[PDB]
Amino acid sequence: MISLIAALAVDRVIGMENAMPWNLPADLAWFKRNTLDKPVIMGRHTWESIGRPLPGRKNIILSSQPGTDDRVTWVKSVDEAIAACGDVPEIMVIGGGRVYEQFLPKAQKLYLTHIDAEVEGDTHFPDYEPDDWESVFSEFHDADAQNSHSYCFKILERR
């Protein structure tokens, strides 16, 4: 199954020119708890920002341009991309926008982090039909000694 996992600011902003202006170690811990021992499919921009292969997950970069790290697989198409990961129960799309638009249609579940942060964006999370999705998990939290904005984690399943 294909799942999408994203941190969204107010208005569905998922990326900037630069790093987002939030420090959410809890958002990372949720990110990891849900991506571990799973194949993660990302684009190049995001790969350039993670800094390295993610530990304990099969890194897959979806891109028309190639062959830079030895430590991740390099796929050129979604179709290929899907296979490169395999016969797995669930594949994780970790963005950015472009990969998001393309995997959506196939998406059966969404893992979202709603961050209360107003940012002028560059990329956005495609527009999903809130009618098409069902919320099966929700959990709100306030900013604290380590998290700079309040956030809410949610899981949607395609209706």
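Heads up: residue numbers just count along the shown sequence, starting at 1.
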Problem set entry | Which of 120-128 and 24-32 has higher mean CA B factor, as the PDB entry lists it | 120-128
Exercise. Out of 50-58 and 109-117, which one has CA B-factors that are higher on average in the deposited record?
Worked result: 50-58
Exercise. According to the PDB entry, is the CA B factor of residue 43 in the bottom, middle or top third of its chain, that is, lowest, middle or highest?
Worked result: middle
Seminar exercise, completed: Of the three thirds of Cα B-factor ranks in this chain, residue 95 occupies the lowest
